[PDB]
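In what follows, a single structure is set out as structure tokens and then discussed.
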Amino acid sequence: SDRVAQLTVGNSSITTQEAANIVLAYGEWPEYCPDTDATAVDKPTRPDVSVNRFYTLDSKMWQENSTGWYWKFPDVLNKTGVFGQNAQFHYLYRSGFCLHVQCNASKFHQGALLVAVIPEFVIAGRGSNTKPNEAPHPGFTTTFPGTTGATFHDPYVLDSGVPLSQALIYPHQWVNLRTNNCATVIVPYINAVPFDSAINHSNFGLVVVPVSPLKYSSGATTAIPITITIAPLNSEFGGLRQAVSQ
Amino acid sequence: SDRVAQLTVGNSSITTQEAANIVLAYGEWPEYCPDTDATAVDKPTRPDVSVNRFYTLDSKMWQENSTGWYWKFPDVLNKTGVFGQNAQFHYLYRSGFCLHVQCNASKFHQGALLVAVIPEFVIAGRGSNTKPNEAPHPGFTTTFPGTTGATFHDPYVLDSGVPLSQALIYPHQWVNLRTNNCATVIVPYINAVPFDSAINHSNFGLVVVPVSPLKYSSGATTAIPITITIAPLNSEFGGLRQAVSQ
Amino acid sequence: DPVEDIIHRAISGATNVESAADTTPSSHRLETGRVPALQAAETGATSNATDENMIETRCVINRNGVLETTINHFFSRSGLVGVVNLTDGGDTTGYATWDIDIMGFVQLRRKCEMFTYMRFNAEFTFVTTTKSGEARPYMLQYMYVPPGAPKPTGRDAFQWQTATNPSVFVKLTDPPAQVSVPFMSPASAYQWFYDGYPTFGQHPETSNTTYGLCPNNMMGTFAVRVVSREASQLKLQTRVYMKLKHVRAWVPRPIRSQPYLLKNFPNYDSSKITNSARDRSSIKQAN
Amino acid sequence: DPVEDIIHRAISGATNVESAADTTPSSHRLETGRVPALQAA
Amino acid sequence: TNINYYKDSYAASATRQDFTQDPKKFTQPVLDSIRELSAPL
Ligand SMILES: CCCCCCCCCCCCC/C=C/[C@H](O)[C@H](N)CO
């Protein structure tokens, strides 16, 4: 009863047998911006079914030595779908996301992944240089990896210089191969401003880090893909202009 | 709750752990013939517990290449039990059947059988001859195989020249080794006449056809028997005379 | 009361539906343990998943008519159940006889064989002409010969007096002849598949030709001549069409996949099995 | 009304707590299907 | 409002049309009602 579940948004639907409940981040639902909180005076557009729906990205193959991956959400969807086209033609953006991570495996496999939504996730430079002018900075494509995602060098600090053990202070869910085959989290829109640009700013990141490694026996299936599905939810756009993708 | 179930009729009982619901053909229960529908004026006999009860037939061993089997119901039971003796001494017959098919297998086996009750199932001759006098006709023992049952030559057409894909238009149930270990269907008496002879006419056939073949791994149990159990239900007989078995 | 044990519904019901079903507006659902998508095909019940549950739909009030699909409009169309060849000039001959079977050939046979039991009335129409298609002012006689009535043994036979057997006299240039027929079976329904034998006794495993035949479907014979004392020299062909009306149908079944080899028997040729489908290039490329 | 589809909380709440929580006396329990210890992380 | 010119009722026309459906007997011939929104097993 609680294990089984089905979502639906737009024309897309997801069904799960073995799922464990659902995480609603910070106890609030996504909403449209209220009149009091609004600032920009133009009438925002609310596409609904054309934008809000599940989008599936390419799959990551999880291997015994895998170090984990991450994504930036008002990034991955900027070049894909109708959501991506509204984002390039509009200067202002607001929405929440419903997030779903999926990893199958047999009852003979063992391991655990930590799925976490970590707002304002800022990757850092890796090096001992204390001089600000010569200090390393983490690339463009490492900061906004796009649809393909990026992988951690040293997941223990989350590339942020911050302990992964405390990452449970963020909306998070475990996917444990013996318990559940998927993790689901709904994130309301959070930021210091009512709207914000989609192409410049990344509200929050996602982190799938293999805490307990992947282990199995000879003869079992070796290839274990990981797939993420994200639904932009309760979207808004404003500030229409010509397309700027970068 | 829905998985587990137990039937009972007569002095016989069946219990199932993994069963999936029950099929009641054409949404009607077996009944005795009403006064309006009756024609023959003699008082029919209603043996009840001596006739109505579960009868188990010999088991079929299902092998990787198995092509399927079939039976004819007011046939298989004509030579067995007290039901068979009433059928030989009486000219008229009416009853419904409660039907149960049983195939065990491990969670490491895979395959699927299609159990179907197909009224007025008429096997056909196999050959290209268009001349009616030289055309082949399908034997006596192929038409009424008796308790031992008969096997299909080419199950894809069901020996009837009719596509098996459409066999789902008949009261039917799948037994899928990963889901359920047995299939159960109750069939009311159907025919164009209130009573009909048991030894001449076969109301309906049963078809167990291995759609997806049987597959397993070395070291697993090879022998996978299939057993069918049939309960003549709500029986009636009439037209008493000396025994005619053929 | 002296002994206790001697002291001792359905499922669904039919709804009258005049038009196709509508659609009601729905929205996204996110919650647990409510899943219209997951079904079990093993139970033998078809998926009850609807539109409104799977994705978001608008409010659609459907005016499309469902009427044309009733079985009573599906058989309202006439078809050719038999064609009989009459040559009055050849040798002696003089009459033609056609035993009534609507399985004679395909299109109408394939329709009626998707139900096991059918009860209905019928309407026969007789289109007669010359081998050349031309019409000539000759009078014809169509006599129906119920089971057990003596068949005509010649053009001059006394069988044609028809004090009982119903007849139709019509000239050949006139419009076709048309009659209504009731439901004449001795049973309560026609049945196109009978698994069993008409008689008791031994059933050889060499020639079973008795098998499959249902006597309740034998309606007798239809005979035709041309009325004169002297034998006319002409060739003639009579096509028989039948509407099928006031129809009821029971326990549907699949259509014929394979070409019909014989009239009374569902035989096919096992080497030629057609694999009803069209061949393709691998999978995962659609045309 | 001309077209229908155009026709269209949180979870918890905050409690004012001035002092730390108290503790209430409990005793042994022996029965089935009541298990505060088993959790799902 | 049809008409019959003979006293034998089987000679009549298509008579009156009708709309009747109970696909429930073919679609769902099961003895335990399956709620369409809930898990079958
Ligand atoms: C003046 C001629 C009138 C002819 C009236 C005869 C009507 C016959 C009753 C309708 C046909 C019954 C259905 C036929 C059964 C099958 O074709 C075969 N008997 C079985 O193979």
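By order in the structure tokens, chains are A, B, ...; within a chain, residues start at 1; ligands start at 1, following the order shown.
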
If we count only C-alpha atoms, what is near region 3-13 of chain E at a cut-off of 10 Å, once residues fewer than 3 positions away on the same chain are taken out, given as a ChimeraX atom specification?
/C:120-123,179-183,245-246 /E:16

Export, as a short mmCIF file (atom, residue, chain, number, x, y, z; two decimals), in the first residue's frame, the selected residues with N, CA, C and O atoms.
data_model
loop_
_atom_site.label_atom_id
_atom_site.label_comp_id
_atom_site.auth_asym_id
_atom_site.auth_seq_id
_atom_site.Cartn_x
_atom_site.Cartn_y
_atom_site.Cartn_z
N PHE C 120 -32.03 -16.15 -35.46
CA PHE C 120 -32.36 -15.04 -36.35
C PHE C 120 -33.38 -15.49 -37.38
O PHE C 120 -33.58 -16.69 -37.59
N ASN C 121 -34.00 -14.51 -38.01
CA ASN C 121 -34.80 -14.73 -39.20
C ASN C 121 -33.96 -14.42 -40.41
O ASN C 121 -32.86 -13.89 -40.31
N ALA C 122 -34.51 -14.68 -41.58
CA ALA C 122 -33.75 -14.51 -42.80
C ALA C 122 -34.66 -14.02 -43.90
O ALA C 122 -35.88 -14.15 -43.84
N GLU C 123 -34.04 -13.44 -44.92
CA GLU C 123 -34.76 -12.96 -46.08
C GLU C 123 -33.96 -13.34 -47.31
O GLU C 123 -32.84 -12.86 -47.48
N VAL C 179 -38.41 -13.30 -50.19
CA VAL C 179 -39.29 -13.93 -49.21
C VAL C 179 -38.65 -13.83 -47.84
O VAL C 179 -37.44 -13.68 -47.70
N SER C 180 -39.48 -13.91 -46.81
CA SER C 180 -39.01 -13.94 -45.43
C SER C 180 -39.04 -15.36 -44.91
O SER C 180 -39.94 -16.14 -45.25
N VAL C 181 -38.06 -15.70 -44.09
CA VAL C 181 -37.99 -17.04 -43.51
C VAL C 181 -37.93 -16.90 -42.00
O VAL C 181 -37.23 -16.02 -41.49
N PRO C 182 -38.62 -17.74 -41.26
CA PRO C 182 -38.54 -17.67 -39.80
C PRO C 182 -37.33 -18.41 -39.29
O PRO C 182 -36.45 -18.79 -40.07
N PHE C 183 -37.26 -18.62 -37.98
CA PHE C 183 -36.20 -19.43 -37.39
C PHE C 183 -36.71 -20.86 -37.28
O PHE C 183 -37.56 -21.16 -36.44
N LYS C 245 -31.85 -11.03 -40.29
CA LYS C 245 -32.51 -10.01 -39.50
C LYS C 245 -33.05 -10.60 -38.21
O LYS C 245 -33.23 -11.81 -38.08
N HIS C 246 -33.32 -9.71 -37.26
CA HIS C 246 -33.79 -10.09 -35.93
C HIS C 246 -32.80 -11.03 -35.26
O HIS C 246 -33.17 -12.09 -34.74
N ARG E 16 -37.30 -2.17 -33.78
CA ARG E 16 -36.78 -1.00 -33.09
C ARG E 16 -35.33 -1.24 -32.72
O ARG E 16 -34.94 -2.35 -32.35
#

Considering only C-alpha atoms, extract the chain C residues located within 9 Å of chain E and return them as a ChimeraX atom specification.
/C:11-19,33-40,43-50,53,66-67,70,72-73,76,121-123,179-183,245-246

Select all residues from chain B having any atom no more than 8 Å from an atom of chain E (counting only C-alpha atoms, ignoring ligands), output as JSON, numbers by chain.
{"B": [2, 3, 20, 21, 22, 23, 24, 25, 26, 27, 169, 171]}

Identify, on the basis of only C-alpha atoms, every residue whose closest approach to residue 85 (chain B) does not exceed 10 Å; exclude the query and any residue fewer than 5 positions from it along the same chain; express the result as a PyMOL selection string.
chain B and resi 51+77-80+90+243-245

Near chain C, meaning an atom within 8 Å, which residues of chain D appear when counting only C-alpha atoms? Write them as a PyMOL selection string.
chain D and resi 3-5

What would the file look like if the residues just selected were written as a compact mmCIF listing (two decimals), in the first residue's frame with C-alpha atoms?
# COMPACT_ATOMS: atom_id res chain seq x y z
CA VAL D 3 -14.82 25.05 -21.43
CA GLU D 4 -14.44 23.15 -18.18
CA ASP D 5 -10.71 22.49 -17.77

Which of region 43-72 of chain C counts as helix (DSSP H, G or I) under DSSP, as a list in words please?
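Those residues are residues 43, 51, 52, 53, 54, 67, 68, 69, 71 and 72 of chain C.
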
Can you write just those residues out, N, CA, C and O atoms, as a short mmCIF file (atom, residue, chain, number, x, y, z; two decimals), in the first residue's frame?
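Generated output (part.cif):
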data_model
loop_
_atom_site.label_atom_id
_atom_site.label_comp_id
_atom_site.auth_asym_id
_atom_site.auth_seq_id
_atom_site.Cartn_x
_atom_site.Cartn_y
_atom_site.Cartn_z
N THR C 43 -4.96 -12.42 -13.99
CA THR C 43 -6.29 -12.65 -13.44
C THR C 43 -7.32 -12.95 -14.51
O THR C 43 -8.42 -13.41 -14.18
N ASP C 51 -8.57 6.78 -19.29
CA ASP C 51 -7.85 7.98 -19.70
C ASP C 51 -7.60 8.88 -18.50
O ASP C 51 -6.46 9.25 -18.21
N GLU C 52 -8.67 9.25 -17.81
CA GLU C 52 -8.63 10.27 -16.77
C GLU C 52 -7.58 9.96 -15.71
O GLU C 52 -7.00 10.88 -15.13
N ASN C 53 -7.32 8.69 -15.46
CA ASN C 53 -6.37 8.31 -14.43
C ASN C 53 -4.92 8.39 -14.90
O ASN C 53 -4.03 8.68 -14.10
N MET C 54 -4.66 8.11 -16.17
CA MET C 54 -3.28 7.96 -16.62
C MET C 54 -2.58 9.30 -16.79
O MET C 54 -1.47 9.48 -16.30
N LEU C 67 -24.34 3.47 -32.61
CA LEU C 67 -25.42 2.61 -33.08
C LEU C 67 -24.96 1.62 -34.14
O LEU C 67 -25.40 0.47 -34.15
N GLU C 68 -24.10 2.06 -35.05
CA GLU C 68 -23.82 1.27 -36.25
C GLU C 68 -23.09 -0.03 -35.95
O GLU C 68 -22.96 -0.87 -36.84
N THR C 69 -22.64 -0.22 -34.72
CA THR C 69 -21.86 -1.39 -34.34
C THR C 69 -22.69 -2.48 -33.68
O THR C 69 -22.12 -3.50 -33.28
N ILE C 71 -24.93 -5.75 -33.31
CA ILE C 71 -24.94 -6.94 -34.14
C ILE C 71 -26.13 -6.95 -35.07
O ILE C 71 -26.09 -7.60 -36.11
N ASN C 72 -27.19 -6.22 -34.73
CA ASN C 72 -28.37 -6.25 -35.56
C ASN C 72 -28.23 -5.35 -36.79
O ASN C 72 -28.91 -5.59 -37.79
#

Tell me the residues of chain B close to chain C, meaning within 8 Å using only C-alpha atoms, as a PyMOL selection string.
chain B and resi 20-23+27-29+120-132+136-141+154+157+160-163+166-167+169-176+179-180+192-193+200-203+246

Would you write out those residues with N, CA and C atoms, as a short mmCIF file (atom, residue, chain, number, x, y, z; two decimals), in the first residue's frame?
data_model
loop_
_atom_site.label_atom_id
_atom_site.label_comp_id
_atom_site.auth_asym_id
_atom_site.auth_seq_id
_atom_site.Cartn_x
_atom_site.Cartn_y
_atom_site.Cartn_z
N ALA B 20 -4.13 -16.37 -8.08
CA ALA B 20 -4.59 -15.04 -8.45
C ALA B 20 -6.07 -15.10 -8.78
N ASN B 21 -6.89 -14.63 -7.86
CA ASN B 21 -8.34 -14.45 -7.93
C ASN B 21 -9.01 -15.71 -8.49
N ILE B 22 -10.15 -15.54 -9.17
CA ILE B 22 -10.92 -16.64 -9.75
C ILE B 22 -11.71 -16.08 -10.92
N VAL B 23 -11.82 -16.85 -11.99
CA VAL B 23 -12.55 -16.44 -13.18
C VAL B 23 -13.91 -17.11 -13.18
N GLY B 27 -19.90 -14.25 -16.45
CA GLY B 27 -20.62 -13.58 -15.38
C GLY B 27 -21.85 -14.29 -14.89
N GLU B 28 -21.93 -15.60 -15.07
CA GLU B 28 -23.07 -16.35 -14.58
C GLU B 28 -22.62 -17.60 -13.84
N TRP B 29 -23.38 -17.96 -12.84
CA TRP B 29 -23.15 -19.16 -12.05
C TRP B 29 -23.83 -20.36 -12.68
N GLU B 120 -17.49 -25.50 -27.51
CA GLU B 120 -17.69 -26.12 -28.81
C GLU B 120 -16.39 -26.17 -29.60
N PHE B 121 -15.33 -26.61 -28.94
CA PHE B 121 -14.02 -26.60 -29.56
C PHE B 121 -13.90 -27.78 -30.51
N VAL B 122 -13.76 -27.48 -31.79
CA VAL B 122 -13.82 -28.47 -32.85
C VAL B 122 -12.44 -28.54 -33.49
N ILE B 123 -11.73 -29.64 -33.26
CA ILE B 123 -10.45 -29.80 -33.93
C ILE B 123 -10.68 -30.05 -35.41
N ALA B 124 -9.63 -29.85 -36.19
CA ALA B 124 -9.74 -29.86 -37.64
C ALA B 124 -8.72 -30.81 -38.25
N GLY B 125 -8.96 -31.15 -39.50
CA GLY B 125 -8.03 -31.97 -40.24
C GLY B 125 -6.90 -31.14 -40.81
N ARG B 126 -5.74 -31.76 -40.92
CA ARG B 126 -4.52 -31.08 -41.34
C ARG B 126 -4.09 -31.66 -42.68
N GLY B 127 -4.23 -30.86 -43.73
CA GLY B 127 -3.86 -31.27 -45.06
C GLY B 127 -4.33 -30.29 -46.11
N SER B 128 -3.78 -30.37 -47.31
CA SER B 128 -4.08 -29.41 -48.37
C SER B 128 -5.20 -29.87 -49.29
N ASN B 129 -5.82 -31.01 -49.01
CA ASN B 129 -6.77 -31.60 -49.94
C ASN B 129 -8.09 -30.84 -49.88
N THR B 130 -8.53 -30.34 -51.03
CA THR B 130 -9.80 -29.62 -51.14
C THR B 130 -10.97 -30.51 -51.53
N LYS B 131 -10.72 -31.76 -51.88
CA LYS B 131 -11.82 -32.65 -52.25
C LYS B 131 -12.44 -33.25 -51.00
N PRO B 132 -13.75 -33.15 -50.81
CA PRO B 132 -14.34 -33.53 -49.52
C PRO B 132 -14.26 -35.01 -49.23
N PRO B 136 -8.63 -35.31 -45.19
CA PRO B 136 -8.36 -35.97 -43.91
C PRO B 136 -9.27 -35.48 -42.81
N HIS B 137 -9.60 -36.40 -41.91
CA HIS B 137 -10.43 -36.13 -40.75
C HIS B 137 -9.73 -36.61 -39.50
N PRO B 138 -9.85 -35.90 -38.41
CA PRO B 138 -8.90 -36.02 -37.30
C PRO B 138 -9.17 -37.15 -36.31
N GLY B 139 -9.39 -38.35 -36.83
CA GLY B 139 -9.40 -39.52 -35.96
C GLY B 139 -10.56 -39.54 -34.99
N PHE B 140 -10.80 -40.66 -34.31
CA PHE B 140 -11.68 -40.60 -33.15
C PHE B 140 -10.92 -40.19 -31.90
N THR B 141 -9.75 -40.79 -31.68
CA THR B 141 -9.05 -40.58 -30.43
C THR B 141 -8.40 -39.21 -30.35
N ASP B 154 0.28 -28.06 -33.97
CA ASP B 154 0.70 -26.69 -34.23
C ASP B 154 -0.19 -25.76 -33.41
N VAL B 157 -2.28 -22.15 -34.40
CA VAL B 157 -3.64 -22.09 -34.92
C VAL B 157 -4.64 -22.82 -34.04
N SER B 160 -7.51 -25.49 -34.88
CA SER B 160 -8.79 -25.05 -35.41
C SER B 160 -8.65 -24.13 -36.60
N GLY B 161 -7.43 -23.80 -37.02
CA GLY B 161 -7.28 -22.82 -38.08
C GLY B 161 -7.63 -21.42 -37.64
N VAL B 162 -7.45 -21.12 -36.36
CA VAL B 162 -7.91 -19.86 -35.78
C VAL B 162 -6.75 -19.31 -34.96
N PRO B 163 -6.49 -18.00 -34.95
CA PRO B 163 -5.28 -17.50 -34.30
C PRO B 163 -5.36 -17.61 -32.78
N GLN B 166 -6.05 -14.44 -30.41
CA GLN B 166 -7.40 -14.02 -30.09
C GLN B 166 -8.10 -14.95 -29.11
N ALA B 167 -7.40 -15.97 -28.62
CA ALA B 167 -8.01 -16.89 -27.67
C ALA B 167 -8.38 -16.22 -26.37
N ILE B 169 -10.54 -14.09 -26.06
CA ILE B 169 -11.97 -13.78 -26.12
C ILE B 169 -12.80 -14.86 -25.45
N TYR B 170 -12.17 -15.86 -24.90
CA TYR B 170 -12.75 -16.97 -24.19
C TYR B 170 -12.43 -16.81 -22.72
N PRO B 171 -13.25 -17.35 -21.83
CA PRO B 171 -12.88 -17.31 -20.41
C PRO B 171 -11.51 -17.94 -20.25
N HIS B 172 -10.59 -17.19 -19.65
CA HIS B 172 -9.20 -17.61 -19.71
C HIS B 172 -8.47 -17.07 -18.50
N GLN B 173 -7.34 -17.69 -18.19
CA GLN B 173 -6.48 -17.19 -17.15
C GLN B 173 -5.05 -17.62 -17.44
N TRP B 174 -4.11 -16.74 -17.15
CA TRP B 174 -2.70 -17.04 -17.27
C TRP B 174 -2.20 -17.64 -15.97
N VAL B 175 -1.32 -18.62 -16.06
CA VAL B 175 -0.51 -19.03 -14.93
C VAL B 175 0.93 -18.66 -15.25
N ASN B 176 1.45 -17.67 -14.54
CA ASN B 176 2.77 -17.11 -14.78
C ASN B 176 3.64 -17.49 -13.60
N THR B 179 4.27 -15.09 -10.88
CA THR B 179 3.12 -14.47 -10.24
C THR B 179 2.30 -15.49 -9.46
N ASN B 180 1.69 -16.45 -10.15
CA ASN B 180 0.78 -17.40 -9.53
C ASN B 180 1.14 -18.81 -9.97
N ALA B 192 -26.95 -25.02 -26.91
CA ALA B 192 -28.18 -24.57 -27.53
C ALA B 192 -29.40 -25.32 -27.03
N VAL B 193 -29.23 -26.28 -26.13
CA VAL B 193 -30.32 -27.13 -25.67
C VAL B 193 -30.23 -27.30 -24.17
N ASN B 200 -21.94 -38.45 -26.54
CA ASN B 200 -21.81 -37.97 -27.92
C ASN B 200 -21.17 -36.60 -27.99
N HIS B 201 -21.65 -35.66 -27.18
CA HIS B 201 -21.35 -34.25 -27.36
C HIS B 201 -20.35 -33.79 -26.31
N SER B 202 -19.44 -32.92 -26.71
CA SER B 202 -18.50 -32.29 -25.80
C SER B 202 -18.79 -30.80 -25.77
N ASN B 203 -19.29 -30.32 -24.63
CA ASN B 203 -19.68 -28.92 -24.53
C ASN B 203 -18.51 -27.99 -24.80
N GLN B 246 -20.32 -45.96 -25.51
CA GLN B 246 -19.76 -45.63 -26.82
C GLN B 246 -20.80 -45.76 -27.93
#

As a list in words, please: every protein or nucleic acid residue near ligand 1 (cut-off 6 Å, counting only C-alpha atoms and all ligand atoms).
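These are the residues that qualify: residues 101, 102, 103, 142, 143, 144, 167, 181, 217, 218, 219, 222 and 264 of chain C.
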
Atomic separation - CA of residue 42 (chain B) relative to CA of residue 9 (chain B), Å:
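Going from CA of residue 9 (chain B) over to CA of residue 42 (chain B) covers 27.1 Å.
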
So, with only C-alpha atoms as the atoms that count, which of C:242, C:112, C:100, C:7 lies closest to residue 145 (chain C)?
C:100

Could the residues of chain D within 10 Å of chain A, counting only C-alpha atoms, be given as number ranges by chain, please?
D: 9-13, 40-41

When DSSP is applied to the backbone of this structure, which of region 57-183 of chain A are assigned strand (DSSP E)? Write them out as an NGL selection string.
:A and (60-61 or 69-72 or 90-102 or 110-119 or 150-151 or 172-176 or 182-183)

Please report the interatomic distance between CA of residue 58 (chain A) and CA of residue 102 (chain A) in Å with one decimal.
12.1 Å

Identify, on the basis of only C-alpha atoms, every residue whose closest approach to residue 88 (chain C) does not exceed 9 Å; exclude the query and any residue fewer than 4 positions from it along the same chain; express the result as a PyMOL selection string.
chain C and resi 92-96+155+225-226+231-236

Which is closest to chain B among A:145, A:219, A:181, A:104, if we use only C-alpha atoms?
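So, comparing all the options, the nearest one is A:219.
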
In terms of the shortest atom-to-atom distance over only C-alpha atoms, which of B:238, B:32, B:143, B:107 is closest to chain A?
B:107

Give me, as a list in words, all polymer residues having an atom no more than 7 Å from region 62-76 of chain A, counting only C-alpha atoms and skipping those fewer than 2 positions away in the same chain.
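Selected residues are residues 60, 78, 144, 145, 146, 147, 149, 150, 151, 152, 155, 198, 199, 202, 203, 204, 205, 206, 207, 208, 209, 210, 213, 214, 215, 224, 225 and 226 of chain A.
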
Do you know which residues are at most 10 Å from residue 178 (chain A) counting only C-alpha atoms, after dropping those on the same chain fewer than 4 positions away, and could you put them as an MDAnalysis selection string?
chainID A and resid 18 105:112

Which distance in Å separates CA of residue 240 (chain A) and CA of residue 81 (chain A), to one decimal?
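Distance reported for this atom pair: 17.9 Å.
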